[PDB]
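Protein chains in written order, with the entry's author numbering: chain U, 647 to 676, 689 to 695; chain G, 548 to 597; chain Y, 795 to 844.
Reading through the structure tokens given below for one structure.
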Amino acid sequence: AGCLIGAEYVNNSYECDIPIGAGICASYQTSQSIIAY
Amino acid sequence: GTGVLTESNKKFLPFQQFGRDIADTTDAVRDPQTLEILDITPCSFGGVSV
Amino acid sequence: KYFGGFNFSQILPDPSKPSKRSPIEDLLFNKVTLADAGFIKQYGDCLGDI
Ligand SMILES: *[C@@H]1O[C@H](CO)[C@@H](O)[C@H](O)[C@H]1NC(C)=O
């Protein structure tokens, strides 16, 4: 979708709440920040 | 106009000066000094999101 | 995959292909000549004589 700055990519997988696009979608989780999976 | 000028490989016919595209916007131009044909492209963009 | 004699290989996913789509889905995905849907141009591909 585009370059996103400020979120760490995580190799886990969750049903998600903030859609970013093309499968990737961020959330707020733990020393607690924004992840992208 | 504003944008990035780059070396267009395409060849104009001698008598007409500059090209166009689908819209009536300049898409190429011939440099007055060295008679070089150039590309034209607006600088990159795209909306941001939070 | 012995479903009592019925043969579902045409609709069940095909693992051999890198896209795990059944042959019917591949056929009807190739037939539709869809456009570009959200590529990352990077602005470099955009400039040029394409
Ligand atoms: C089932 O269908 C596949 C694909 O057409 C075929 O290769 C295979 O021989 C068939 N087997 C049966 C159960 O007749």
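Don't be surprised by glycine CBs; every beta carbon is placed ideally from N, CA and C.
Bounding residues of the alpha helix (DSSP H) (the contiguous stretch that carries residue i)
i       : result
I818(Y) : 817–825
Residue range of the beta strand (DSSP E) that includes residue i
i              : result
residue 687(U) : Note on chain U: consecutive modelled numbers read 676 then 689, so residue 687(U) has no coordinates in the structure shown.
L806(Y)        : Premise fails: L806(Y) is in no beta strand (DSSP E) and is neither H nor E.
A694(U)        : 691–694
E554(G)        : 551–554
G667(U)        : 664–667
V576(G)        : 575–577
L585(G)        : 584–588
Buried or exposed (CB count within 10 angstroms, at least 16 for buried), residue i
i       : result
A647(U) : exposed
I587(G) : buried
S555(G) : buried
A575(G) : buried
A672(U) : buried
Taking Cβ-Cβ distances below 8 Å as the criterion, which residues of the segment 548–575 of chain G are in contact with chain Y? Listed in sequence order: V551, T553, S555, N556, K557.
Closer than 5 Å: residues whose CB approaches a heavy atom of ligand 1: Residues with their Cβ less than 5 Å from any non-hydrogen atom of ligand 1, running along the chain, are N801(Y), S803(Y).
Quick one: which residues of the segment 820–837 of chain Y get their C-beta closer than 9 Å to a C-beta of chain G? List them in chain order. Taking 9 Å as the Cβ-Cβ cut-off, the segment 820–837 of chain Y approaches chain G at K835, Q836, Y837, given in chain order.
Select from the segment 584–596 of chain G all residues with a C-beta closer than 8 Å to any C-beta belonging to chain Y, and list them in chain order. Listed in chain order, the positions of the segment 584–596 of chain G with a beta carbon within less than 8 Å of a beta carbon of chain Y are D586, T588, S591.
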